[PDB]
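Student: Residue numbers (the entry's author numbering), protein chains in the order written: chain A, 355 to 404, 410 to 549, 555 to 606, 658 to 779; chain B, 408 to 418, 434 to 463, 500 to 509; chain C, 612 to 613, 623 to 712; chain D, 235 to 469, 501 to 606, 614 to 780, 792 to 850; chain E, 387 to 458, 475 to 483; chain F, 5 to 30, 60 to 155, 190 to 212, 219 to 729. Idealized CB from N, CA, C, for every residue including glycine.
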Amino acid sequence: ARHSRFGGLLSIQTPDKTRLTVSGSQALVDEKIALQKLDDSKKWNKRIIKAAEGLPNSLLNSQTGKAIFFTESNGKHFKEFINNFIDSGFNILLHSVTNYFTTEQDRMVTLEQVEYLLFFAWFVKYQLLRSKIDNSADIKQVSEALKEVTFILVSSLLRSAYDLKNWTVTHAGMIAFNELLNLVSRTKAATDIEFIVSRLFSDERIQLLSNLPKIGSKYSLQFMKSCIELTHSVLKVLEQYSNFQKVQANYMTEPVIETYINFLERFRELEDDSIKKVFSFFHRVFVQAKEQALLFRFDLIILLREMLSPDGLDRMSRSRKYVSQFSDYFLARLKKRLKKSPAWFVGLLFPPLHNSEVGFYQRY
Amino acid sequence: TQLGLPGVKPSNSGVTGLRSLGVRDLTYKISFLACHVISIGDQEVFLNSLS
Amino acid sequence: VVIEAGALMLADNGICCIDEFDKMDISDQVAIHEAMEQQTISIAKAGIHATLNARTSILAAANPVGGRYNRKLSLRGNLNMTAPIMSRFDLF
Amino acid sequence: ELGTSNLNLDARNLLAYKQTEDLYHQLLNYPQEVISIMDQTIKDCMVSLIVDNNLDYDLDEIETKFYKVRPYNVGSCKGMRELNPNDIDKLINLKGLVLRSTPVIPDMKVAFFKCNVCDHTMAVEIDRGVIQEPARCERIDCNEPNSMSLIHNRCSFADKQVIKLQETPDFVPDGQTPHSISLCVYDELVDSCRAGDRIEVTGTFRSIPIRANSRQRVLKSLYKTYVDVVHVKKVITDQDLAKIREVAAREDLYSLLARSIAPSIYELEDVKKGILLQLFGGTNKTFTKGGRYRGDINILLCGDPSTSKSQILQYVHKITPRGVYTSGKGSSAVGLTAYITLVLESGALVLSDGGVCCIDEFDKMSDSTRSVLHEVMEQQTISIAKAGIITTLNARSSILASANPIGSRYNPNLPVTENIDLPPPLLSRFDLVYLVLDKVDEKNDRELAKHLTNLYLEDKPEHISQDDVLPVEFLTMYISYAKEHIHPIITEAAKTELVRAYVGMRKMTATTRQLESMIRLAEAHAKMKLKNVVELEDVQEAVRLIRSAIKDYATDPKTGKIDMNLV
Amino acid sequence: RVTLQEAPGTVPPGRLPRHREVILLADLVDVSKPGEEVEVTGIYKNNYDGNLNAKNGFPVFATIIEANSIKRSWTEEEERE
Amino acid sequence: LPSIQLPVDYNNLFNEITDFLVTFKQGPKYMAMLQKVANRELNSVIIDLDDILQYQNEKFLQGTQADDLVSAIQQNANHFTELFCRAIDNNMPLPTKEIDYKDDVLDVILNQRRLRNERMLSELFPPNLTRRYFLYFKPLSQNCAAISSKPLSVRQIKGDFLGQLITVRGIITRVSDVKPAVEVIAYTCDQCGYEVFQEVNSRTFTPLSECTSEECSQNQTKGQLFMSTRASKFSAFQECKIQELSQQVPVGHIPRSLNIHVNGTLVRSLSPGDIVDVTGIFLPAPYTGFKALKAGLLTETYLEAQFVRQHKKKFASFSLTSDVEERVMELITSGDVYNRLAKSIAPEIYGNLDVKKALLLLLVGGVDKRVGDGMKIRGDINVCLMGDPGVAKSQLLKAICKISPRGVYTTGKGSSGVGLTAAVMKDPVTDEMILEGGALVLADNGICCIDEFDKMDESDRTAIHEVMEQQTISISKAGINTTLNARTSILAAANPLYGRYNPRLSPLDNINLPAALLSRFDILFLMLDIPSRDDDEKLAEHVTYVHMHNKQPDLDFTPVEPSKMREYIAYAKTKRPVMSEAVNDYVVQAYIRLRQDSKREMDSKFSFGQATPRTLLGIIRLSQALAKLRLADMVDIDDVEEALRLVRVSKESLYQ
DNA sequence: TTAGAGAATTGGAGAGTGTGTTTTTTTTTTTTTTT
DNA sequence: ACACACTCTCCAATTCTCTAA
Ligand SMILES: Nc1ncnc2c1ncn2[C@@H]1O[C@H](COP(=O)(O)OP(=O)(O)NP(=O)(O)O)[C@@H](O)[C@H]1O
Ligand SMILES: Nc1ncnc2c1ncn2[C@@H]1O[C@H](COP(=O)(O)OP(=O)(O)NP(=O)(O)O)[C@@H](O)[C@H]1O
Ligand SMILES: [Mg+2]
Ligand SMILES: [Mg+2]
Ligand SMILES: [Zn+2]
Ligand SMILES: [Zn+2]
């Protein structure tokens with residue numbers, strides 16, 4: 355309220371009678387602010403590490424929460440052009456271009472790979488959205504994507520890209536393979557499609573699709589987001605297959672959880688929808704699978720304060736419903752654990768301990 | 408004058439700690455940035507002017 | 612000099637009102653006389669020279685000497701004003 | 235419910251309640267911290283009222299506002315010269331007179347930064363005068379050095395002003411001249427006070443270093459000192506209205522008020538009455554066209570020495586809310602009106625606007641200086657036209673003047689106008705002119721001698737000239753209220769009497796100004812009775828007082844001399 | 387260098403006259419005397435000035451005129483007449 | 005680089021100092066003072082060099098050698114302020130009474146800092196930070212005496234004296250207002266929560282900006298320092314200037330001056346216009362920084378004040394110690410003080426006894442009065458002397474100028490009404506307007522003497538009108554609008570019109586003063602030079618004796634000296650005697666008679682104008698002055714009849 | 001799957017270098033010589 | 001010579017990669 359040179363001085367005394375000094379008039383009354391302001395003065399930050412080059416701007420290396428803007432005549436003319444394209448051209452175009460590339464895959468160049476995978480993705484998604492909206496549209500228009508040859512080809516691109524550690528094609532292939540699965544769940548909600561699933565979920569591919577979130581921890585914010593959305597779809601299909660317990664245990668371990676938190680803490684930049692996806696996964700880890708020991712780690716506990724405070728997530732966004740309903744249960748189970756075995760106070764700082772004789776009792 | 412103006416040396435207390443100032447001190451003045459002005463203080503031209 | 625305009629400049633193509641004219645110093649009455657003679661003002665000092673136009677009509681008020689007019693005397697006897705200035709009013 | 239943000243608090247209440255007896259001392263010893271604590275207490279209490287009593291008011295609105303306490307009546311006042319280095323950062327109380335105020339200065343409170351490459355933005359808090367500029371741009375993917383920059387016109391500022399306060403003459407050392415101190419004032423209180431105001435303040439007494447040069451951090455050993463004010467005070502109820510209306514119903518009201526403006530002065534009743542009507546004043550009038558007409562009355566007191574004229578000017582100078590006392594040999598033409606310094617500055621008649629200007633030894637100042645008063649008295653405006661400045665200023669100022677005749681004692685062998693000796697254009701501008709004469713008479717002299725000698729029968733006298741007089745405070749209340757709420761109008765009957773009376777004085792010298800001054804005096808008389816109309820009685824009193832002041836009944840109508848035997 | 391001012395007949399009523407400054411080079415020096423009424427052709431030119439910027443507080447440039455030319475007997479028939 | 009031997013070792017002198025502080029007595062003298070310091074009752078210690086001289090003599094008479102500490106601290110005074118302070122700090126006793134220690138911020142800070150060090154372990192701060200006292204030296208008594222006892226004029230202060238302790242005589246020209254000066258500055262470090270101090274001696278300093286503490290450094294904690302007032306130490310500072318007396322300036326030269334500095338409890342002792350014996354330490358003022366490199370070897374200089382002696386005790390400084398009591402009892406027991414005191418004014422002037430009695434009542438004066446409604450009435454008395462040439466008017470006037478502790482002398486031709494009252498001067502180079510008071514302001518609460526009152530211009534004399542009756546000055550000029558205080562009594566002298574008084578005309582024709590001014594004097598005395606073989610012989614015999622012996626001739630009468638006279642008058646100006654009803658009736662009846670007699674004789678050769686109401690209050694003022702001189706608390710009718718006689722006698726010179 | 005041995009990239013400590021610094025009115029109160 | 005602004009340089013702290021138990 356009063357000006358910048360009126361300010362007095364504050365002293366704060368710890369246990370063991372040692373004292374600190376902070377300035378400003380709000381520190382007199384708000385200890386939370388004083389504690390935060392105290393640490394904020396300190397100089398150092400640890401310096402930091404950093410995936411894609413050689414190609415024009417696209418979804419792969421830009422934040423796409425930023426539209427481009429249409430006149431009304433332009434909006435309707437563009438809608439007319441691609442709607443007639445889809446109703447008229449899409450299957451005949453994809454059938455030709457795919458049965459080319461199966462005969463020519465060895466000779467490819469990075470751009471043609473990234474074109475094919477981001478033409479597939481766009482048109483399949485747009486049609487799903489259009490028929491979600493209205494009954495005049497139908498899914499049969501995009502149905503060339505599912506037949507067996509194209510499925511093999513998207514698979515093969517993703518495979519070869521992953522092995523040679525080419526991360527941009529791997530990123531695009533992740534986006535294409537996401538949509539194919541999304542389209543399958545649509546069609547199952549209506555014969556050969558189950559055959560296609562069974563071939564899509566041979567054990568080899570589960571090894572790959574399980575592997576993929578683990579490496580995401582290092583890379584850019586989009587890569588991790590692709591990993592999350594693909595994982596959500598991948599598990600949801602296999603939930604409605606009915658094997659399942661083998662597959663879910665395959666996913667749950669430290670390096671996946673690391674990625675989830677590392678992505679979640681940049682929530683100021685993300686959508687309302689993506690956080691719904693992350694907490695869905697934590698509900699799966701914590702309540703259903705009953706693998707509670709993964710999340711007792713300190714940088715999660717910081718996060719829930721920031722995001723839940725009057726600082727961050729809005730008092731009325733749908734996110735706070737999910738977050739506060741999660742944290743309540745979290746702290747109840749944590750209370751129970753800590754009073755039953757006091758060693759976890761020193762546990763909470765560090766990774767869990769992989770020794771055979773003590774580790775089993777540690778995790779449970 | 409207290410900023411890095413080429414060819415001129417530096418010249434109720436101001437504000438400080440900004441990069442360009444170094445150890446110097448900065449103050450401000452209030453003025454009005456207008457966009458138009460209107461005053462309120500041949501017979502043929504005059505007659506055409508009237509209603 | 613400060623050059624900035626005086627009263628006679630603001631009253632160009634206008635009426636300039638002088639109240640209690642008889643109280644004005646002679647050293648300044650002569651300045652008004654010189655301006656009224658030419659409808660022009662001149663500046664020359666400190667290396668700066670200027671000439672300005674003063675097409676202004678004057679309206680003045682004054683007190684008779686001793687506060688009350690004397691019917692025994694001419695207006696010249698009654699008024700504390702020099703003859704060249706008095707010669708330049710159209711109406712009294 | 236009034237939508238307002240500041241709470242007054244006289245500190246004595248902290249001593250009455252047992253739980254805060256020590257908080258009173260802590261307030262004086264640690265103002266910056268304690269006042270902040272009080273602020274954040276008040277705001278929380280305001281929130282608690284609406285949420286506990288579950289009222290309709292917007293919680294967001296109350297959360298948005300700032301609330302501030304303003305403590306006052308802290309203790310004894312302190313002499314400006316007696317503040318010592320052991321008083322630094324404690325609360326202080328001062329009395330004084332305002333000289334001048336600087337224009338409002340913008341003071342920064344929040345800084346605004348923008349990234350030059352990626353257009354990220356940050357708002358930063360200012361404390362202790364230093365901007366806490368970021369080292370690197372804080373956007374994760376744009377972690378670059380020297381990348382942020384300040385945008386001046388998107389910052390947030392606050393108002394600061396500096397007031398110059400002067401020592402009151404009551405405290406100055408023997409054989410010395412008064413000193414002054416500077417007050418820093420912020421936000422609400424910024425434009426509160428004008429030149430010539432008389433105030434009491436409350437604030438922290440601060441000190442700060444000053445730099446040797448603008449290039450480097452080198453400080454001087456002497457420290458600057460100033461005051462940081464948190465409250466300002468100038469030096501209604503139905504009971505007050507009941508008292509005022511009841512007093513106004515008394516039969517002896519006019520004599521009661523008149524003898525109560527200057528209680529210890531013996532007789533001089535007509536002089537006191539005229540001064541009372543000057544205090545009330547006429548009515549101010551403004552037309553759509555044809556101008557504005559002054560409500561103020563000008564008075565001249567002229568006569569023999571020792572007659573107690575200057576003693577009366579003391580009472581008027583202390584009764585009036587605004588005003589000045591001065592002397593003839595003490596005043597220049599510039600000092601009396603306004604001064605070029614490039615800026616313009618105020619003189620006595622401008623500081624006295626809306627009040628009374630007392631001028632003593634009026635017969636000593638030169639014709640050059642007195643000629644300045646013609647325009648100000650007639651128009652109540654001051655026109656100026658000098659190098660670089662040309663303007664007109666308002667001066668709603670009432671003059672009360674004191675003089676002695678030519679030859680320094682009234683000479684009965686000369687006519688009255690020749691004894692007074694002011695020129696006619698200036699003598700025509702006074703509403704009332706009084707002759708007061710040192711006439712010998714044993715009856716008068718015994719009473720005067722008994723009155724003056726009675727003051728020495730006690731060390732600090734309780735004695736006073738009359739049994740029933742009003743206290744100064746209540747009398748001030750009456751006059752102030754009557755000036756604000758009452759606005760008399762001319763009745764047709766009053767119009768007929770004024771025309772008749774003017775023709776009577778005219779046909780025989793009465794000028795046209797005698798008519799207007801009669802109207803103004805009658806209006807002043809009407810306000811003093813809390814009437815809304817001027818009546819025949821008021822007109823006749825205005826006429827009677829004019830005839831009485833200049834001893835007209837004793838005047839030879841043809842020769843203009845006064846028969847001293849008739850006095 | 388020469389200072390040039392508006393002729394009093396050209397100045398509108400109730401306004402002060404304006405000024406400009408002219409630079410004269412090799413052949414043109416002392417072509418004119420103070421108080422003469424003169425006519426000038428030249429380039430209109432500007433440059434940075436620190437003091438103007440410092441006093442006004444805006445990026446304001448100063449201007450000058452570089453003159454290219456400057457302007458202001476009898477026959478036997480007259481003698482015979 | 006090089007070094008020398010010198011005859012002084014400071015260890016021996018330190019031992020002498022610590023013995024002196026614990027042993028000397030007139060218990061020991063200085064230990065009582067240090068107990069008062071420890072109790073927080075006393076703020077300053079004044080060391081007397083007469084004590085050190087006495088101590089040296091006593092130690093010598095006991096048969097032992099000792100160093101001459103008195104000359105040692107006069108020759109190099111600056112260093113011994115530190116030695117005495119260290120000795121006092123070493124030997125300071127413990128408090129006798131409870132203090133409420135928690136009122137001190139420095140105590141809390143240092144206690145917590147000590148506790149931090151105690152915990153950490155499981190000079191600290193400069194000693195100047197906890198010296199609650201000030202210390203000053205007082206020079207040798209000249210009657211015991219050495220240079221510090223002998224006053225110097227401001228010309229005699231050569232460059233030889235730099236560093237020494239000296240005494241200076243002169244007039245003060247101007248005084249600054251008080252402002253704080255730092256001694257020890259205090260800072261706080263944000264990250265490590267630790268405090269550091271800095272000490273300032275020079276006129277300028279650089280503040281600290283890095284926490285160089287070893288613990289903070291070893292934690293690699295590059296924290297930020299911030300300044301704090303609440304634990305810094307300040308001291309009061311004031312600066313003045315002194316200038317040589319005008320009657321000591323050698324012909325054709327311009328007067329010189331010195332800069333004086335004042336710190337501690339000695340502040341606001343000096344005032345402008347005082348004649349004073351200042352004593353202190355004379356020092357140079359070195360330059361700092363880049364300026365020093367190109368200033369050269371010429372040094373600025375100033376005087377550190379230590380003690381101040383005034384020449385005349387102001388009446389406001391009086392208090393009745395029994396030393397003064399014993400002396401006023403001499404006059405009281407001897408009796409008839411009115412005649413003795415009047416006869417004692419200017420004994421070298423013969424006769425004129427009633428004039429001297431009137432001037433004694435001028436020195437005493439009436440009682441100030443202030444009524445419950447805010448009216449106030451003049452207490453001062455105004456007197457005028459009107460007479461022929463050669464009757465000792467200027468001489469008697471200038472004699473009274475010596476007795477009064479505040480007073481000024483002025484003559485009518487040498488004086489402007491402005492400079493006599495107050496002036497608005499455009500004095501600085503900055504075009505600022507400043508008010509500067511005139512002679513009547515410098516004579517505030519004193520007497521103002523105006524000689525040749527008849528030569529002063531008629532217009533300028535009007536400036537005095539406001540001051541005479543209202544005791545104040547009012548000015549309204551360019552940029553200045555204020556009232557000043559001028560509580561001054563005026564004494565004036567004049568010749569009648571045409572010089573020697575003319576009996577052909579009335580007294581009012583000869584006097585030639587306007588009515589408004591003639592009324593403002595409470596007494597106007599008329600004195601004429603009329604030959605007489607008998608009186609001329611007696612006067613000549615008296616004056617010739619005085620020229621022969623430098624002494625007034627005496628057989629019976631001993632005058633009281635001016636000092637004891639000042640003590641009696643100063644004691645008498647405290648009494649405020651009240652009137653009574655019996656007295657009031659008498660003066661009320663007297664006043665009527667005066668005005669009736671005036672009315673009867675306004676036509677007459679014996680006229681002197683008309684009695685106004687200001688003649689009644691003149692009687693009351695003279696009566697109350699007479700009541701003060703007899704140390705009463707009650708006016709008596711005996712006073713009133715004398716007050717009337719003293720007014721009547723002024724006119725008898727008209728009757729040869 | 002852990003861990004330890006070797007290589008590459010980056011930060012800023014701190015040392016060094018050059019630099020800048022002292023220093024014609026126009027309006028208004030007052031004294032003085034001039035008509 | 002005394003605070004500053006700016007440039008240059010070296011050294012070790014750090015993370016990344018490869019190998020074998
Ligand atoms: N009627 C009266 N009532 C009270 N005091 C009076 C009266 N008449 C005279 N006096 C006293 O006489 C003195 C008058 O002083 P003052 O007020 O200066 O009178 P004045 O009219 O101004 N005379 P002067 O200044 O010489 O023109 C004061 O002490 C008054 O108290
Ligand atoms: N009664 C006296 N006793 C002693 N000396 C006297 C006496 N009367 C006159 N004188 C001498 O007269 C001389 C002149 O005195 P002074 O005071 O100058 O006179 P004055 O009254 O001021 N005359 P003036 O200035 O011309 O009006 C001095 O030397 C005195 O000593
Ligand atoms: Mg008076
Ligand atoms: Mg003399
Ligand atoms: Zn950025
Ligand atoms: Zn530190």
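Is there a Cβ from chain C that is less than 8 Å from the Cβ of residue 445 of chain E?
Tutor: It does not; no Cβ of chain C falls within 8 Å.
Student: Identify the contact partners of residue 683 of chain C in chain D, using a Cβ-Cβ distance below 8 Å as the criterion.
Tutor: Residues of chain D passing the Cβ test: 697.
Student: Under 7 Å from any heavy atom of ligand 2, does the C-beta of residue 687 of chain D make it?
Tutor: For ligand 2, not one heavy atom lies less than 7 Å from the Cβ of residue 687 of chain D.
Student: Please state if the CB of residue 660 of chain D and the CB of residue 624 of chain C are separated by a distance shorter than 8 Å.
Tutor: For residue 624 of chain C and residue 660 of chain D, yes; Cβs fall inside 8 Å.
Student: Short of 7 Å Cβ to Cβ, which residues in the stretch 271-295 of chain F face chain A?
Tutor: So the close ones are 295.
Student: Can you grab the Cα-Cα spacing for the pair residue 559 of chain A / residue 602 of chain A, in whole Å?
Tutor: Their Cα atoms are separated by approximately 14 Å.
Student: If I'm right that residue 569 of chain D touches residue 708 of chain D with Cβ under 8 Å, what's the distance once you round it to whole angstroms?
Tutor: The Cβ separation is near 7 Å, so the contact holds.
Student: So which residues of chain A does residue 274 of chain D contact, with C-beta pairs closer than 7 Å?
Tutor: Ordered by position in chain A, the residues that pass the 7 Å Cβ test against residue 274 of chain D are 383.
Student: What's the C-alpha gap between residue 567 of chain F and residue 486 of chain F?
Tutor: Taking the straight line joining both Cα atoms gives about 12 Å.
Student: Using the beta-carbon count (16 or more within 10 Å), is residue 358 of chain F buried or exposed?
Tutor: Exposed is the call here.
Student: State yes or no: is the beta carbon of residue 334 of chain F nearer than 8 Å to at least one beta carbon in chain D?
Tutor: No, residue 334 of chain F lies away from the interface with chain D (no Cβ there is under 8 Å from its Cβ).
Student: What number of angstroms, rounded off, separates the C-alpha of residue 740 of chain D from the C-alpha of residue 655 of chain D?
Tutor: Spanning the two alpha carbons is a distance of roughly 47 Å.
Student: Does the beta-carbon of residue 296 of chain F, which I'm using as the reference point, lie nearer than 7 Å to any heavy atom of ligand 6?
Tutor: Yes, since a heavy atom of ligand 6 falls inside the 7 Å radius drawn around the Cβ of residue 296 of chain F.
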